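**Student:** One structure coming up, written as structure tokens, with questions to follow.
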Amino acid sequence: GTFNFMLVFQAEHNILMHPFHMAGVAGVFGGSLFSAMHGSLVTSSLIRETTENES
Amino acid sequence: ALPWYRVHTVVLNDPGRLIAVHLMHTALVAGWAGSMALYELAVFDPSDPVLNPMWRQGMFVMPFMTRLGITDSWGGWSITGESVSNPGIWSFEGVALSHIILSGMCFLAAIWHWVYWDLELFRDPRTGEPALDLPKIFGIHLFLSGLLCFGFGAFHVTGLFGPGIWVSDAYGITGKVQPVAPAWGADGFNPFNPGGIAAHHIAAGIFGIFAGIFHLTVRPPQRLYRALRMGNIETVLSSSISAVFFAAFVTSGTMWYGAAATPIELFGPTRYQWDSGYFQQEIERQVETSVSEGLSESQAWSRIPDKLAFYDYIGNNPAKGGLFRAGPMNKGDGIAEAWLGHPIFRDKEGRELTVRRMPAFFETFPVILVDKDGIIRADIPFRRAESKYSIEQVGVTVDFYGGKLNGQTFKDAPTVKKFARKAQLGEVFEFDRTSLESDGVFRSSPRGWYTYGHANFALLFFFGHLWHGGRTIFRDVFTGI
Amino acid sequence: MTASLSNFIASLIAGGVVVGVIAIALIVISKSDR
Amino acid sequence: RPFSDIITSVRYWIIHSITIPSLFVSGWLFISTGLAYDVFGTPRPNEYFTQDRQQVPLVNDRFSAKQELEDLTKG
Amino acid sequence: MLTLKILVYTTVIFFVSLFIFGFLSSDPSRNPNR
Amino acid sequence: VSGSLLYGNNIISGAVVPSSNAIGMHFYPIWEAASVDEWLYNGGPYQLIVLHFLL
Amino acid sequence: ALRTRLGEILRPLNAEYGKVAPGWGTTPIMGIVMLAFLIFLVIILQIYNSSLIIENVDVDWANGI
Amino acid sequence: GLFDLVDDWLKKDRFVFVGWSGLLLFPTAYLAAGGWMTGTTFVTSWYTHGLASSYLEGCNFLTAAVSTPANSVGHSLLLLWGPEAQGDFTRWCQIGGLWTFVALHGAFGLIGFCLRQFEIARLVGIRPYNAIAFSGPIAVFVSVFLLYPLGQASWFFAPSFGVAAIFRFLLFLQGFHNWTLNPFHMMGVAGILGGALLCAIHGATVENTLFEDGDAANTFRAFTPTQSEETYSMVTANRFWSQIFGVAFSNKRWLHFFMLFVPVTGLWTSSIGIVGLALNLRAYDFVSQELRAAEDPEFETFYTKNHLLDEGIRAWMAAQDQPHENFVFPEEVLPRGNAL
Amino acid sequence: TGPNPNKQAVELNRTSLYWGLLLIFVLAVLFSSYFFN
Amino acid sequence: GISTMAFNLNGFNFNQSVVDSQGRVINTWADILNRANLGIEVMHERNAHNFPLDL
Amino acid sequence: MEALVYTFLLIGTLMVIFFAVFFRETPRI
Amino acid sequence: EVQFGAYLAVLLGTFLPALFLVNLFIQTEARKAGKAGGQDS
Amino acid sequence: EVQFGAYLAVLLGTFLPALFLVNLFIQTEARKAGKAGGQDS
Amino acid sequence: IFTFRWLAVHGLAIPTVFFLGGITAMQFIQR
Amino acid sequence: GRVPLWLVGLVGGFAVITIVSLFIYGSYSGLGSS
Ligand code: CLA
Ligand SMILES: C=Cc1c(C)c2cc3nc(c4c5[nH]c(cc6nc(cc1[nH]2)C(C)=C6CC)c(C)c5C(=O)[C@@H]4C(=O)OC)[C@@H](CCC(=O)OC/C=C(\C)CCC[C@H](C)CCC[C@H](C)CCCC(C)C)[C@@H]3C
Ligand SMILES: CC1=C(/C=C/C(C)=C/C=C/C(C)=C/C=C/C=C(C)/C=C/C=C(C)/C=C/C2=C(C)CCCC2(C)C)C(C)(C)CCC1
Ligand SMILES: CC1=C(/C=C/C(C)=C/C=C/C(C)=C/C=C/C=C(C)/C=C/C=C(C)/C=C/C2=C(C)CCCC2(C)C)C(C)(C)CCC1
Ligand SMILES: [Fe+2]
């Protein structure tokens, strides 16, 4: 039903060519990008306080 | 102590137990090969090798056995149609049983190597700790593999002391296992030239043997030893993963596009046979030459073999099934019975209308009839209100040539529509939709399944290589900055 | 030795000259900038 | 040297008022004279269709693409 | 079905009045600092 | 249109079908229908669920 | 620890460990070989792709039989 | 040694790190960006798609694109010196060689960027998790721009480098493959939305649990980079989220690893799905429902409605989407519903 | 033969158990219909 | 975007924007989007419509 | 008959969610 | 209608990994209890 | 021919009790290893 | 003066100004 | 540091506003305006 709603919305309204949908796609992609990068940067620089046979 | 994803790292510095674990993996693989062969033999139907080949029945392991020369079976039948009297040990059942025995012996050896882990062989006299001289072990194993490759190429492919390999015709009508002479020329690199396989294996043998001798003798340089960390087994793991997914990509590509190592008769026609009308063009050429020599159209079309017409059907297209449509192709359409004959569409003015065949992308394609110059002449209207091209307004007739309906013609309206819809997708065949309860949906080749599985495995192993190589390089820091 | 083979080997030479000029530039600077 | 110091430097603007407008004018003349149509082969507004062909000029062959395009792009 | 409407109208006014008089009962005073 | 599991649907095809077009924007609680069966025929549960979810 | 007969035979193969040649050893030969391998691979890839046409090599199904 | 001082100069500290990976990062990435810039400005798609995709022909930013080469050319590399073009830059641009130029150069620049991340991590002495995270976009690019066209008829069916061209790609895959129904796409969208969720929620939680480290309303100036103590109360945030949601984080390392993990695995699953589509092994139909609808004209779900939409979009789009097929569909053949 | 010096233990939190159970069940929910077809 | 488009303020419509000297229309990537939108539109809710316009 | 399997899977997932909220490891400082 | 082999696939893929994880957790807790002296050995 | 519900009965009745017993043995051994000091916690 | 920066910056900026001039001329080039 | 930063900032802003404005005027008069 969600997919049907999205397709009919595209047909009757042209959601893709609306700048606000573009802004939303940019926001979601940027959110994923920044989440991944922040997690990688924080976990990479972790003070050594454990052995190798331990999480 | 150890998280679940890190549990197999205890065998990192126990040369002995590693062997045991690799042996266990080898036993599992061999057992799977044997059991799969046995299951396929159980569900195989060697009745009609013309309209019910191995690839039509969903056989995945049988093509690889038949490629290298395994054709006979203990049941008395042969994959090449003939009958075998007293096949030797090297039949399908013999191969499966040999694999199962190998699996059992490898299992026992794995147990022994796990129990007796502290062997003095895996020790360094200078230090007294377990260690492996990887640059020397690599030389030994590479020399062995080069010897094996040379032997396989020179003896088991050229037929000097071997059965040979599977060699077929350009259209997959008459193919059988025979020795292949090597091709030491530019044509040796033609992917569809089977002599290239023998030439490659002989040359790559004589090449890897020399490489192995070099690695046995010459020690590594210090710069490379420090850079590649040639004292850590994990760099070996990462590089090996690299080579493995490279090979997987190559094999998947060669099967998807076809080569001399993936013959039509074993894995089925490729996707691109249907796009360019390979078999359709061949059929047209044969009919043209039979008419040119002088013969009736019916008998000219009746000389076309059923196998060639069966190749020109969209149900055999590997790029036609679905991901979750399980089972063999026969589950999709039923077992093919016989060819119905080639239909010829003519209109009132005695033209020759041709039904536009559906491409591979589409799953529903309209029925459209066009003449020799690609102009619409008839169709099946979706909305029959103001249609000016309907099959009834423009009288269209069919005349089947060379088949079950050879010499028959139809002038009625509904039957012409039925035959147009049937002929919209390749040739017309007779199927048995009751033996397996075949539903109305297509399915994919072993070609497509192999390509899909191996491309995905290669894509994952690229990531595996990335992670493991990164872990080798950052070993000292891999515990905390 | 067709047109395709000549073009292919000439492309190999173009790659060679590109790598060579990059290396020459690196050698000049790296030295004059210890 | 930091960016802002360079941006506010007078000797910077005395070398960025004879270089930038000249480059801009050259870019303008690149297509004002119509050279770009010939360099990249893109069709002018009056070269999409001709008197002979009134449909889209598609390429159908691969190893003869050069001649096919040469013919299509005749007029 | 009038009974069902009566019961739902009660539940709704029940909880809504609970909300309205809970936020009227000196809520800003309820706070970590005093 | 069927959207329930017991009516030949799976997890993906199943859905709670929105209310009927004849109702339109009109409020359709349970007590406005003459029978519960009719309320189900015109997609009242969609309205109930959506209004409660928003609140 | 547990010297086995086999182990005695295979001992010299694993005897030397960590031995290495100083000063770049035979690295330039490795570079030469890697480059020639790259040339061979691009030759093969462009032949198979039909982007490099050579006499007497038609990338098409043939009649081996 | 000559190698040593060259390596020293490459790892020199400056405004932008060059490194050994720079040698193939900078030229390839620069060439890919320049190829896209020239493509969406001068070269056209008249002879490959029968379209106009350039600023010179009157397209805006939303419609200009670098279109895929003509379908008549197969999976050829379209090398400028290749048999298809044989030099002659103009015909190389016209037949669509710029798409392959951009794609190949961008792929090698992408490899260079991952190598650059590895080298930066090694020089700074930190763990390389950043390269592992970046492996996701690499997988997406390889599966969509390389593997999918390779599995199809030619490069013509790969996505084109443009804004509207990507939308056409989305609609094409939905219409022809039912890509929304594929479970791997569902995993990908779950991962992407979860990544955005995690980013927003972590930002808000950290910013709303700051400590009293100043006297001004502006809380941005109460932080110094060379700080040892934590700036926000992990305990208070944990209690808040355990009282509201029911479960909360209690380990910053696990929190940030989860933030890394979610989007990357979403992208990897989506890439697996696309690789599956490349061979037309698509999750298109539910056989049971298709049957039960075929034998009874009263059964209907949203699923069958989606199938009808797919048939309509396919039939109405094929004629203009694939000009090389010379599809001609009369009006009475096109599927259409009622009066509309 | 002998006591191997490389034998370590294995651990799994309850949160890890919950994550694994949730993952397995959600994967089953996602793929069950497709397997049924 | 969704809220604004609920009141029929759709996205950009760059349909037949490029015209050659004579006047013939040259398709862009937006026109193929319009083609797909037409394909979806003429099929959604097949039996619901009785008049040419979807208002 | 598959409706039973779907219902069982959904209820099992809900039960797992229930156990992860009220039977969680208590985090201590 | 539906494939009668999925049942086995779905049920085994649900139960076997779940029991594997439950096993891991139970043995972890048992080892933890054994390490600390008490009524449990 | 045969009932298609037995498959589930036979396979579940074989696997679930077997995994239950394997679980019991594994947790017993883990507790025993935890009680005795050593490399295992 | 010609540091790597100067280079990279100029290699990114010169084509940018060239293209901007070209694109402006186009906005007038009217059918 | 002779020219103040915000002066060159304003000049650049005026230039970019001009260029972008020339683009919309174009979306309206010429190719692509229909
Ligand atoms: C390091 C940077 C780099 C990299 C990785 C690439 C990579 C690529 N470029 Mg490229 N390019 C670059 C810089 C780079 N470029 C620069 C700076 C320019 C501007 C001049 C260009 C301009 C350019 C054009 C115009 C084109 C490419 C193309 C290509 C692609 C195909 C190239 C090919 O087949 O030749 C491979 C070449 C080699 C492998 C040569 C390597 C050097 C050899 C090994 C030296 C030794 C050979 C020896 C002399 C031979 C001995 C004899 C022999 C018989 C054994 C490929 C992706 C083509 C393309 O993508 O078309 C779609 C294309 O048309 N490039
Ligand atoms: C469309 C979405 C999207 C874009 C545009 C994007 C962009 C970027 N991501 C980067 C990084 C990252 N992204 C990451 C995770 C993610 N990134 C995601 C999604 C995106 N990431 C997602 C979903 C994730 C979650 C896994 C990580 C973890 C990183 C980084 O570490 C890295 C970074 O440092 O960011 C600051 C930057 C490094 C680019 C690069 O390689 O430069 C080098 C230039 C190259 C390789 C040339 C590009 C060639 C391309 C492939 C083809 C040409 C394309 C044209 C130029 C433009 C076409 C435009 C039309 C299609 C409209 C760049 C800004
Ligand atoms: C001991 C012994 C013996 C015996 C042996 C045996 C009997 C064996 C068997 C064996 C076997 C019988 C084996 C089997 C195996 C199997 C396998 C190993 C499988 C696997 C599989 C898998 C792993 C899969 C996976 C998957 C899935 C599930 C899904 C999809 C995806 C995939 C495909 C991945 C003998 C007498 C000889 C001798 C003496 C000793
Ligand atoms: C391809 C090729 C090549 C190369 C080339 C190059 C490299 C080029 C470059 C080029 C370039 C490099 C260009 C650039 C351009 C740029 C531009 C055109 C830009 C624009 C911009 C704008 C428009 C902006 C906008 C905006 C934004 C984005 C945001 C904010 C706002 C504003 C509005 C400001 C060569 C020669 C090798 C040859 C072969 C082919
Ligand atoms: Fe943070």
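We name chains A, B, ... following the order of the structure tokens; residues begin at 1 in each chain, and ligands are numbered from 1 as shown.
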Kindly provide, as a PyMOL selection string, all nucleotide and amino acid residues lying within 8 Å of ligand 2, counting only C-alpha atoms and all ligand atoms.
**Tutor:** (chain A and resi 26+29-30+32-37+40) or (chain H and resi 25+28-30+32-37+65+102-103+105-114+117+130-137+141+160-163+166+192+195+260+263-267)
**Student:** Using only C-alpha atoms, find which residues of chain L lie within 9 Å of chain M and jot them down as a ChimeraX atom specification.
**Tutor:** /L:4,7-8,11-12,15-16,19-20,22-24,26-37,40-41
**Student:** Can you work out which residues are within 6 Å of ligand 3, considering only C-alpha atoms and all ligand atoms, and then hand them over as a list in words?
**Tutor:**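 Checked against 6 Å with only C-alpha atoms and all ligand atoms; the hits are residues 28, 29, 31, 32, 35, 100, 101, 103, 104 and 105 of chain B.
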**Student:** Could you pull the residues within 6 Å of region 4-20 of chain F, counting only C-alpha atoms, minus those fewer than 5 positions along the same chain, as JSON, numbers by chain?
**Tutor:** {"F": [42, 43, 44, 46], "H": [303], "I": [33], "K": [3]}
**Student:** Can you tell me, as a list in words, what residues are no more than 12 Å from residue 54 (chain D) when counting only C-alpha atoms, ignoring any on the same chain fewer than 5 positions away?
**Tutor:**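 Residues meeting the cut-off are residues 47, 48, 49 and 72 of chain D; 22 and 24 of chain J.
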**Student:** Could you write out that same residue set with N, CA and C atoms as a CSV table (one decimal), in the first residue's frame?
**Tutor:**
```csv
chain,number,residue,atom,x,y,z
D,47,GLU,N,19.8,22.6,-37.1
D,47,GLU,CA,20.4,21.4,-37.6
D,47,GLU,C,19.9,20.1,-37.0
D,48,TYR,N,18.8,20.2,-36.3
D,48,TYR,CA,18.2,18.9,-35.7
D,48,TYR,C,17.7,18.0,-36.8
D,49,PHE,N,16.9,18.6,-37.7
D,49,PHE,CA,16.4,17.9,-38.9
D,49,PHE,C,16.8,18.6,-40.1
D,72,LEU,N,24.7,11.0,-41.6
D,72,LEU,CA,23.6,11.6,-40.9
D,72,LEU,C,23.9,13.0,-40.8
J,22,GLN,N,12.4,25.5,-36.3
J,22,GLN,CA,11.1,25.3,-37.0
J,22,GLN,C,10.0,25.4,-36.0
J,24,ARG,N,9.5,22.2,-34.0
J,24,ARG,CA,9.4,20.8,-33.6
J,24,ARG,C,9.9,20.7,-32.2
```
**Student:** Leaving out region 15-20 of chain N and any residue of its chain fewer than 3 positions from it, which residues lie within 10 Å of it when counting only C-alpha atoms, given as a list in words?
**Tutor:**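 In the requested form, the answer reads residues 20, 21, 22, 23, 24, 25, 26, 27, 28 and 30 of chain D; 34, 37, 38 and 41 of chain H; 10, 11, 12, 23, 24, 25 and 26 of chain N; 19 of chain O.
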**Student:** 12 Å from ligand 5 is the threshold here; counting only C-alpha atoms and all ligand atoms, which polymer residues fall inside it? Answer as a CSV table (one decimal) with N, CA, C and O atoms, in the first residue's frame.
**Tutor:**
```
chain,number,residue,atom,x,y,z
A,34,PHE,N,26.8,11.5,7.5
A,34,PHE,CA,27.4,12.1,8.7
A,34,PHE,C,27.4,11.1,9.9
A,34,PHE,O,28.3,11.0,10.6
A,35,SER,N,26.3,10.3,9.9
A,35,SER,CA,26.3,9.2,11.0
A,35,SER,C,27.5,8.3,10.8
A,35,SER,O,28.2,8.0,11.7
A,36,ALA,N,27.6,7.8,9.5
A,36,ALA,CA,28.7,6.8,9.3
A,36,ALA,C,30.1,7.4,9.5
A,36,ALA,O,30.9,6.8,10.2
A,37,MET,N,30.3,8.7,9.1
A,37,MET,CA,31.6,9.3,9.2
A,37,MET,C,31.9,9.6,10.7
A,37,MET,O,33.0,9.4,11.2
A,38,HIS,N,30.9,10.1,11.4
A,38,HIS,CA,31.1,10.4,12.9
A,38,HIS,C,31.4,9.1,13.6
A,38,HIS,O,32.3,9.1,14.5
A,39,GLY,N,30.6,8.1,13.4
A,39,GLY,CA,30.9,6.8,14.0
A,39,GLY,C,32.3,6.3,13.7
A,39,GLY,O,33.0,5.8,14.6
A,40,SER,N,32.7,6.3,12.5
A,40,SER,CA,34.0,5.9,12.1
A,40,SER,C,35.1,6.7,12.8
A,40,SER,O,36.1,6.1,13.3
A,41,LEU,N,35.0,8.0,12.8
A,41,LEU,CA,36.0,8.9,13.4
A,41,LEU,C,36.1,8.6,14.9
A,41,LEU,O,37.2,8.6,15.4
A,42,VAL,N,35.0,8.5,15.5
A,42,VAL,CA,35.0,8.3,17.0
A,42,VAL,C,35.6,6.9,17.3
A,42,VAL,O,36.4,6.8,18.2
A,43,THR,N,35.1,5.9,16.7
A,43,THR,CA,35.6,4.5,17.0
A,43,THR,C,37.0,4.3,16.6
A,43,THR,O,37.7,3.6,17.3
H,198,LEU,N,19.5,7.8,13.5
H,198,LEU,CA,20.6,7.8,14.5
H,198,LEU,C,21.3,9.1,14.6
H,198,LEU,O,21.6,9.6,15.7
H,199,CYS,N,21.6,9.7,13.4
H,199,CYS,CA,22.3,11.0,13.4
H,199,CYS,C,21.5,12.0,14.1
H,199,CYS,O,22.0,12.7,15.0
H,200,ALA,N,20.2,12.2,13.7
H,200,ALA,CA,19.4,13.2,14.3
H,200,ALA,C,19.3,13.0,15.8
H,200,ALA,O,19.4,14.0,16.6
H,201,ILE,N,19.0,11.8,16.3
H,201,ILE,CA,18.7,11.5,17.7
H,201,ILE,C,20.0,11.7,18.5
H,201,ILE,O,19.9,12.2,19.6
H,202,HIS,N,21.1,11.3,18.0
H,202,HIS,CA,22.4,11.5,18.8
H,202,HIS,C,22.7,12.9,18.9
H,202,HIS,O,23.2,13.4,19.9
H,203,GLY,N,22.6,13.7,17.8
H,203,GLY,CA,22.9,15.1,17.8
H,203,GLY,C,22.0,15.8,18.9
H,203,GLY,O,22.5,16.6,19.7
H,204,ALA,N,20.7,15.5,18.8
H,204,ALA,CA,19.8,16.1,19.8
H,204,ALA,C,20.1,15.7,21.2
H,204,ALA,O,20.1,16.6,22.1
H,205,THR,N,20.4,14.4,21.5
H,205,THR,CA,20.6,14.0,22.8
H,205,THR,C,21.9,14.6,23.4
H,205,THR,O,21.9,15.0,24.5
H,206,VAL,N,23.0,14.7,22.6
H,206,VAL,CA,24.2,15.3,23.0
H,206,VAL,C,24.0,16.8,23.3
H,206,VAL,O,24.4,17.3,24.3
H,207,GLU,N,23.3,17.5,22.4
H,207,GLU,CA,23.2,18.9,22.5
H,207,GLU,C,22.2,19.3,23.7
H,207,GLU,O,22.3,20.4,24.2
H,230,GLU,N,34.3,14.9,30.1
H,230,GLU,CA,33.2,14.9,29.1
H,230,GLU,C,32.3,16.1,29.2
H,230,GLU,O,32.1,16.7,30.3
H,231,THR,N,31.7,16.5,28.1
H,231,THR,CA,30.9,17.7,28.0
H,231,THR,C,29.4,17.4,28.2
H,231,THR,O,28.6,18.4,28.5
H,232,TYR,N,28.9,16.2,28.2
H,232,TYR,CA,27.5,15.9,28.4
H,232,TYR,C,27.4,14.7,29.3
H,232,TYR,O,28.2,13.8,29.4
H,234,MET,N,26.4,11.4,30.3
H,234,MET,CA,25.9,10.1,29.7
H,234,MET,C,24.9,9.4,30.6
H,234,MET,O,23.9,8.8,30.1
H,251,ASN,N,27.1,2.8,26.4
H,251,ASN,CA,28.5,2.5,26.0
H,251,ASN,C,28.7,3.4,24.8
H,251,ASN,O,28.2,3.1,23.7
H,252,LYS,N,29.6,4.4,24.9
H,252,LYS,CA,29.8,5.3,23.8
H,252,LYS,C,30.4,4.6,22.6
H,252,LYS,O,30.1,4.9,21.4
H,253,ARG,N,31.4,3.7,22.9
H,253,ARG,CA,32.0,2.9,21.8
H,253,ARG,C,31.0,2.1,21.0
H,253,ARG,O,31.0,2.2,19.8
H,254,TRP,N,30.1,1.4,21.7
H,254,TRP,CA,29.1,0.7,21.0
H,254,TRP,C,28.1,1.6,20.3
H,254,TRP,O,27.7,1.3,19.2
H,255,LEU,N,27.8,2.7,20.9
H,255,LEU,CA,26.9,3.7,20.2
H,255,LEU,C,27.5,4.1,18.9
H,255,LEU,O,26.8,4.1,17.8
H,256,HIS,N,28.7,4.6,18.9
H,256,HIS,CA,29.3,5.1,17.6
H,256,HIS,C,29.6,3.9,16.6
H,256,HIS,O,29.5,4.2,15.4
H,257,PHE,N,29.9,2.7,17.1
H,257,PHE,CA,30.0,1.6,16.2
H,257,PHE,C,28.7,1.3,15.5
H,257,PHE,O,28.7,1.0,14.3
H,258,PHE,N,27.6,1.4,16.3
H,258,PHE,CA,26.3,1.2,15.7
H,258,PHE,C,26.0,2.2,14.6
H,258,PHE,O,25.5,1.9,13.5
H,259,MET,N,26.3,3.5,14.9
H,259,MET,CA,26.2,4.6,14.0
H,259,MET,C,26.9,4.3,12.7
H,259,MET,O,26.5,4.6,11.6
H,260,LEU,N,28.2,3.8,12.8
H,260,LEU,CA,28.9,3.4,11.6
H,260,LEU,C,28.2,2.3,10.9
H,260,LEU,O,28.1,2.3,9.7
```
**Student:** Give me, as a PyMOL selection string, the residues of chain I touching chain K, with the criterion being at most 9 Å (counting only C-alpha atoms).
**Tutor:** chain I and resi 13-15+18+21-22+25-26+28-29+32-33+36
**Student:** Hey, what's within 10 Å of residue 9 (chain A) if we count only C-alpha atoms and toss same-chain stuff fewer than 3 positions away? As a PyMOL selection string, please?
**Tutor:** (chain A and resi 3-6+12-16) or (chain J and resi 2+5-6+37+40-41)
**Student:** For residue 456 (chain B), work out the shell of residues within 7 Å, counting only C-alpha atoms and skipping chain neighbours fewer than 3 positions away, then give it as a PDB file with C-alpha atoms, in the first residue's frame.
**Tutor:**
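Result file is selection-v3.pdb:
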```pdb
ATOM      1  CA  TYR B 452      24.147 -14.592  -9.637  1.00  0.00           C
ATOM      2  CA  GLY B 453      25.606 -16.567  -6.750  1.00  0.00           C
ATOM      3  CA  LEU B 459      31.244  -8.646  -4.265  1.00  0.00           C
ATOM      4  CA  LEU B 460      31.270  -9.768  -0.626  1.00  0.00           C
TER       5      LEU B 460
ATOM      6  CA  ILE H 272      23.444  -7.272  -3.486  1.00  0.00           C
ATOM      7  CA  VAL H 275      23.564  -7.322  -8.627  1.00  0.00           C
TER       8      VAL H 275
END
```
**Student:** Report the residues of chain N whose backbone DSSP state falls under helix (DSSP H, G or I), written as an MDAnalysis selection string.
**Tutor:** chainID N and resid 4:28
**Student:** Restricted to C-alpha atoms, what would the selected residues look like written as a JSON list (two decimals), in the first residue's frame?
**Tutor:**
```
[["chain", "number", "residue", "atom", "x", "y", "z"],
["N", 4, "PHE", "CA", 50.67, 23.02, -5.03],
["N", 5, "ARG", "CA", 47.83, 25.14, -3.78],
["N", 6, "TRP", "CA", 48.30, 27.81, -6.38],
["N", 7, "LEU", "CA", 48.26, 25.00, -8.89],
["N", 8, "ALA", "CA", 45.22, 23.05, -7.74],
["N", 9, "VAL", "CA", 43.35, 26.31, -7.10],
["N", 10, "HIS", "CA", 44.10, 27.64, -10.58],
["N", 11, "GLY", "CA", 43.36, 24.31, -12.25],
["N", 12, "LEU", "CA", 39.94, 24.39, -10.61],
["N", 13, "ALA", "CA", 39.27, 28.11, -11.12],
["N", 14, "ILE", "CA", 40.35, 28.84, -14.71],
["N", 15, "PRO", "CA", 37.91, 26.36, -16.33],
["N", 16, "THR", "CA", 35.22, 27.57, -13.92],
["N", 17, "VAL", "CA", 35.44, 31.16, -15.16],
["N", 18, "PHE", "CA", 35.70, 29.98, -18.78],
["N", 19, "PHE", "CA", 32.56, 27.86, -18.38],
["N", 20, "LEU", "CA", 30.66, 30.62, -16.58],
["N", 21, "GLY", "CA", 31.36, 33.04, -19.42],
["N", 22, "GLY", "CA", 30.27, 30.40, -21.91],
["N", 23, "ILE", "CA", 27.07, 29.65, -20.00],
["N", 24, "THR", "CA", 26.15, 33.33, -19.77],
["N", 25, "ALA", "CA", 26.54, 33.83, -23.49],
["N", 26, "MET", "CA", 24.17, 30.95, -23.96],
["N", 27, "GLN", "CA", 21.41, 32.53, -21.93],
["N", 28, "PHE", "CA", 21.10, 35.04, -24.75]]
```
**Student:** Just need the residues of chain I within 12 Å of chain B, counting only C-alpha atoms, so spit them out as a compact mmCIF listing (two decimals) with C-alpha atoms, in the first residue's frame.
**Tutor:**
```txt
# COMPACT_ATOMS: atom_id res chain seq x y z
CA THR I 1 49.33 -34.16 22.45
CA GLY I 2 48.91 -31.90 25.46
CA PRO I 3 46.90 -29.01 26.90
CA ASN I 4 46.72 -26.39 24.15
CA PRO I 5 47.82 -22.98 25.36
CA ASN I 6 45.54 -21.25 22.87
CA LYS I 7 42.15 -22.12 24.34
CA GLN I 8 40.01 -19.15 25.28
CA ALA I 9 36.41 -18.68 26.31
CA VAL I 10 33.37 -17.28 24.55
CA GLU I 11 30.95 -14.63 25.79
CA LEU I 12 27.65 -13.06 24.76
CA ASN I 13 25.78 -10.35 26.65
CA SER I 16 23.76 -9.15 22.23
CA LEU I 17 21.28 -12.00 22.67
CA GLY I 20 20.54 -11.54 17.62
CA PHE I 31 11.76 -13.39 3.80
CA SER I 32 8.92 -15.74 4.79
CA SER I 33 6.47 -14.48 2.17
CA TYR I 34 9.09 -14.54 -0.59
CA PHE I 35 10.02 -18.11 0.30
CA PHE I 36 6.33 -19.05 0.29
CA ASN I 37 5.82 -17.14 -2.98
```
**Student:** Neighbouring residues of ligand 1 are defined here as those with any atom at most 7 Å from a ligand atom, counting only C-alpha atoms and all ligand atoms; list them as a list in words.
**Tutor:** residues 9, 11, 12, 13, 14, 15, 16, 18 and 19 of chain C; 35, 36, 38 and 39 of chain G; 23, 24, 27, 28, 77, 78, 79, 80, 81, 97, 98, 100, 101, 104, 105 and 108 of chain H
**Student:** Select all residues from chain E having any atom no more than 10 Å from an atom of chain F (counting only C-alpha atoms, ignoring ligands), output as a PyMOL selection string.
**Tutor:** chain E and resi 1-6+8
**Student:** Tell me the residues of chain H close to chain O, meaning within 9 Å using only C-alpha atoms, as a list in words.
**Tutor:** residues 56, 57, 58, 59 and 60 of chain H
